[PDB]
Amino acid sequence: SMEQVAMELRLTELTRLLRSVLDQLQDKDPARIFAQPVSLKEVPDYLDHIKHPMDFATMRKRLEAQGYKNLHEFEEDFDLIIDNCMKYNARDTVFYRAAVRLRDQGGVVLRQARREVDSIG
């Protein structure tokens with residue numbers, strides 16, 4: 001149907017906008033602390049601590065399959081990156097501090113992304 005096509009075009013345009021959002025958030029992580037999944041070879045206990053691991057590469061896979069239907073879903077995954085790190089790592093660590101700075105800087109970007117998603121529809 002044409003209605004199904006139109007819905008698919010909207011998902012594609014959302015995907016474009018989320019791709020640009022993802023780029024902008026990841027630039028706020030120049031250390032690349034959040035680029036890849038925590039390795040279970042190097043942190044064998046991780047899944048005892050963290051139930052839903054997340055990272056920028058995993059988000060990019062989901063994005064490229066058009067797997068985010070709305071901005072809320074994408075924000076949920078970004079918050080997991082931050083929140084997981086702030087739980088596993090102590091306040092005094094470079095990892096925790098990196099997550100705080102990512103959260104603070106990413107807020108700016110997400111605030112305008114929400115406006116854009118509502119504005120364009």
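For the structure itself, look to the data block above.
Within each chain the numbering goes from 1 in written sequence order, not necessarily matching the entry, and residues lacking coordinates are not shown. Side-chain numbers come from the whole structure's heavy atoms, not from hydrogens or water. Residues with missing side-chain atoms are left out of burial classes, side-chain pairs and their counts.

### What to know about the environment of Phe34
Rule in force here: Secondary structure elements are taken from DSSP: a helix is a run of H or I of four residues or more, a strand is a run of E of two residues or more, and numbering for both begins at the N terminus. We call a residue buried when its accessible area falls under 20% of the maximum for its residue type, exposed when it is over 50%, and partly exposed in between, using a 1.4 Å probe and counting protein chains only. Throughout, a contact is declared for two residues whenever any of their heavy atoms are within 4.5 Å.
Relative to the helices and strands, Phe34 is located in the loop between α1 (2–27) and α2 (46–49). Take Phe34: its relative accessible area is 6%, and that puts it in the buried class. Each C-alpha atom of the pair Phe34 and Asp55 lies 5.4 Å from the other, and the pair is 21 residues apart in sequence. When sequence neighbours within four positions are dropped, the list of residues in contact with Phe34 reads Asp29, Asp55, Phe56, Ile81, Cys85, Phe95, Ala98, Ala99 and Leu102.

### Regarding the side chain of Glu75
By the secondary structure assignment, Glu75 is in helix α4 (residues 71–88). Setting aside residues up to four positions removed in sequence, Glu75 forms contacts with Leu110 and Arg114.

### Things to note about the side chain of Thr15
To keep it simple, the criterion reads: N or O atoms closer than or at 3.5 Å make up a polar contact, with two conditions inside protein: a donor-capable atom paired with an acceptor-capable one, and, for residues adjacent in sequence, both atoms drawn from side chains.
Positionally, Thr15 belongs in helix α1. Within the structure, the side chain of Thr15 is placed 2.8 Å from the backbone oxygen of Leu11, a separation counted as a polar contact. The contacts of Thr15, once residues within four sequence positions are left out, are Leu63 and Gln66.

### Here's the deal with the nonpolar core
For clarity, the threshold we go by: Throughout this description, the term nonpolar core refers to a set of buried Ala, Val, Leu, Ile, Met, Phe, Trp, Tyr and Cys residues connected via side-chain atoms within 4.5 Å.
By size, the foremost hydrophobic cluster in this structure holds 26 residues, and its most contacted members are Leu25, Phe34, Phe56, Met59, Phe74 and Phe78. Looking at this core, the elements with two or more residues in it are α1, α3 (56–64), α4 and α5 (94–120). Residue contacts for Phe56: discarding those within four places in its chain leaves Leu22, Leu25, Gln26, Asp29, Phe34, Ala35, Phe78, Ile81 and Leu102.

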